[PDB]
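In what follows, a single structure is set out as structure tokens and then discussed.
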Amino acid sequence: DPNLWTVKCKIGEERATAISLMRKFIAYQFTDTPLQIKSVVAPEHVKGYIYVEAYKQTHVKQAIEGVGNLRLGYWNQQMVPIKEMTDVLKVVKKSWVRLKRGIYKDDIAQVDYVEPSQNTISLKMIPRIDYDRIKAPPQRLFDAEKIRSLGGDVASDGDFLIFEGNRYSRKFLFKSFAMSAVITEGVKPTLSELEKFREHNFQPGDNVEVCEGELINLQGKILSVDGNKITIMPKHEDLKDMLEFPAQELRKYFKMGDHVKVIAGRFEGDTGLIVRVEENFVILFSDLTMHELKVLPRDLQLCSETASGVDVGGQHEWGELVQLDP
Amino acid sequence: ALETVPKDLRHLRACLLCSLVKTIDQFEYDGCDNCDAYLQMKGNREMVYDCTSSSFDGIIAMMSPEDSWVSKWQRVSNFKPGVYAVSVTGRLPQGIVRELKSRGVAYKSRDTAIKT
Amino acid sequence: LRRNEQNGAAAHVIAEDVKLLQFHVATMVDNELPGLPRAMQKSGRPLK
DNA sequence: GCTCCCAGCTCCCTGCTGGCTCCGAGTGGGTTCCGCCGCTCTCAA
DNA sequence: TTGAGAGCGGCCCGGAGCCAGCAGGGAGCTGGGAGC
């Protein structure tokens, strides 16, 4: 069978090079210099080079001595491993969206209305504009009064407004965007985004209890962790055997009087000692701040390093002198 | 031949039986070139939409089915030279499948992709 | 590489880019290596 | 005619020659240099 | 409506170990035939 040779092509133009070379093969197959190669493979996820099915590097060279996209690989070619033919052809696989182009790139937008034409969809965005003040941009609420005062390209229709290149806003930019220019799958906006418009996290060394099954009321230390079904190896008390448990069956239960850390939330980054562990509510006194904090068992975590006492930004630490006003 | 060779990259969609990849223009002007006698691809559009799949992964510019281990794998060593899709996502209507079975042409799905 | 091994699993791009990563870490160790060309910045000064 | 000292063989192993890294004396002061290309939308004509 | 600009977004010998290639004894291995 013919062997595969890897030839480098311009990044992002492998499909165009393949189309051009097959067109040239069509044009020159009946001539005195036909292309002796058999086929060409341009995998969708492979960029930078393509594969040519030929018996000889001479045939590969005579085939690729066409468009200049393959000039860099024209000097030399590289065999594809014999076991690699099988891998060559393998292929592996009121909402919210995000724009692809423009200054609104990677920004959450709320799908307000969906046009049946399947051409554009109405989206609600937060304007990343300076209101024609600096240009002759962080997200901020639309200021119709501010843009009207600044003048320029602006049309006032009460709550509705058109400005700076047919950009429409109402009360919040309300503009139509292309179907292919946005991603409708895998956005998952956060609670802050919801306001503007499950998860399993187990780590080694933590103690989790079994809240169901014949192995209930058993607390084991976390040794391994998986995606959904952990099949954990718990170090249960008075049980040397390592059982198996999923993430759902286990709960982040902590013994009375131990240091705990807030993984996330308004209390994130804080440490303290629990006061009373209820069924869901765990009340703790933070160490550096003698503050009572109520958190879920999922939100707690154990570490040997206490709170630094510095702001997240590293500019001010706790118990410091600041300027409320001059 | 050039008739089977697509002319542009717009509106590409592959057939469900022979995985023939061609545009709506030549599907309208001629339909399929492999099982046109068995399918009556020519002269309509509603049934063409059902009998053709717009989602195909990978294509092969096969021209020599008799001596191609590609053609061996994808079971087109018996079809003509042309452009065929490695994977085709879709299925024929039960009525058309039954008609083909009665005529003696069992419908073999071309969806060779690994679904998870 | 992490993304490619997670999903693509090309095993050819994977190997090539692994070799490039090894080259980059070797460059971090020493820019000077007899067996391979030296790294450089847009200003053209060989890295330190 | 089969061991056995011997001969030949046959690996066997210690004993000779070539490409190769890597260094290379003590302070002022001056001049130069730090992307480039692609790319998509705003305003002007 | 289209063309370009402005700004975002992405890409000259030293020495000396040192390996590797080759070359010559050298005892094991088994024939060889000398001896009984």
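Positions of Cβ are backbone-derived with ideal geometry, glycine not excepted, and every protein chain shown enters the neighbour counts. Read-outs: derived from the displayed coordinates by stated rules, not from any lab.
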Residues that are within 24 Å of A:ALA16 (Cβ to Cβ) and more than 14 Å from chain A (Cβ to nearest Cβ), drawn from the range B:24-54 = B:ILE24, B:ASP25, B:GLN26
Of all residues in the range A:41-62, count the ones that are within 14 Å of chain C (Cβ to nearest Cβ), β-branched (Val, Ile, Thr) and either surrounded by fewer than 17 Cβ atoms within 10 Å (Cβ to Cβ) or more than 16 Å from DNA strand E (Cβ to nearest atom) (or both).
-> 2
Taking the range C:13-37 and keeping residues out of contact with any helix residue (DSSP H, G or I) (no Cβ under 9 Å at 6 or more places or on another chain) and within 16 Å of DNA strand D (Cβ to nearest atom) leaves C:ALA26, C:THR27, C:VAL29, C:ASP30, C:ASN31, C:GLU32, C:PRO34, C:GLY35, C:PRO37
Among the residues of the range B:6-22, which ones are surrounded by 15 or more Cβ atoms within 10 Å (Cβ to Cβ) and more than 22 Å from B:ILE96 (Cα to Cα)?
-> B:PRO6, B:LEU12
Have a look at A:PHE245, A:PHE254 and point out the one that is under 34 Å from the mean Cα position of the chain (by Cα), more than 17 Å from A:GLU199 (Cα to Cα) and not basic (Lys, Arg).
-> A:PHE254
Inside the range A:122-148, can you point out the residues that are within 23 Å of the chain's Cα centre (by Cα) and under 11 Å from A:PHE174 (Cα atoms)?
-> A:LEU123, A:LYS124, A:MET125, A:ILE126, A:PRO127
Screening A:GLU193, A:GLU185 for residues that are within 23 Å of the chain's Cα centre (by Cα) and either under 20 Å from A:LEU296 (Cβ atoms) or part of a helix (DSSP H, G or I) (or both) leaves only A:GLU193
Boolean, A:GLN248 is within 23 Å of A:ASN217 (Cα to Cα) and either polar (S, T, N, Q) or in a strand (DSSP E or B) (or both) = yes
So which helices (runs of 4 or more DSSP H) are wholly in the range B:1-53 and hold at least 3 residues that are closer than 18 Å to B:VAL105 by Cβ?
-> B:36-39, B:46-51
Subset of the range A:7-40 (residues that are of a type in the set (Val, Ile, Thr), crowded, with 21+ Cβ neighbours inside 10 Å and within 14 Å of chain C (Cβ to nearest Cβ)) | A:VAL7
Note on the range A:99-138: residues within 15 Å of DNA strand E (Cβ to nearest atom), part of a loop (DSSP other than H, G, I, E, B) and either of a type in the set (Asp, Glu) or crowded, with 16+ Cβ neighbours inside 10 Å (or both) are A:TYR104, A:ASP106, A:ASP107, A:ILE126, A:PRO127, A:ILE129, A:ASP130, A:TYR131, A:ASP132
Filtered residues of the range A:56-103 (kept if more than 16 Å from DNA strand D (Cβ to nearest atom) and within 30 Å of A:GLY186 (Cβ to Cβ)) | A:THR86, A:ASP87, A:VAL88, A:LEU89, A:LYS90, A:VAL91, A:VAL92, A:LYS93, A:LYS94, A:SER95, A:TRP96
Has the range B:67-84 got any residue that is part of a loop (DSSP other than H, G, I, E, B), within 12 Å of chain A (Cβ to nearest Cβ) and on the phi > 0 side of the Ramachandran plot?
-> no
Of the residues in the range C:1-29, those that are surrounded by fewer than 11 Cβ atoms within 10 Å (Cβ to Cβ), among the polar types (S, T, N, Q) and over 8 Å from the mean Cα position of the chain (by Cα) come to C:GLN6
Residue selected from the range A:139-169 under the condition within 16 Å of DNA strand D (Cβ to nearest atom) and part of a loop (DSSP other than H, G, I, E, B), by the criterion farthest from the other protein chains (Cβ to nearest Cβ) | A:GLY151
Lone unmet requirement of (1) part of a loop (DSSP other than H, G, I, E, B); (2) over 19 Å from A:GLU44 (Cα atoms); (3) more than 14 Å from DNA strand D (Cβ to nearest atom) for C:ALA10 = (2)
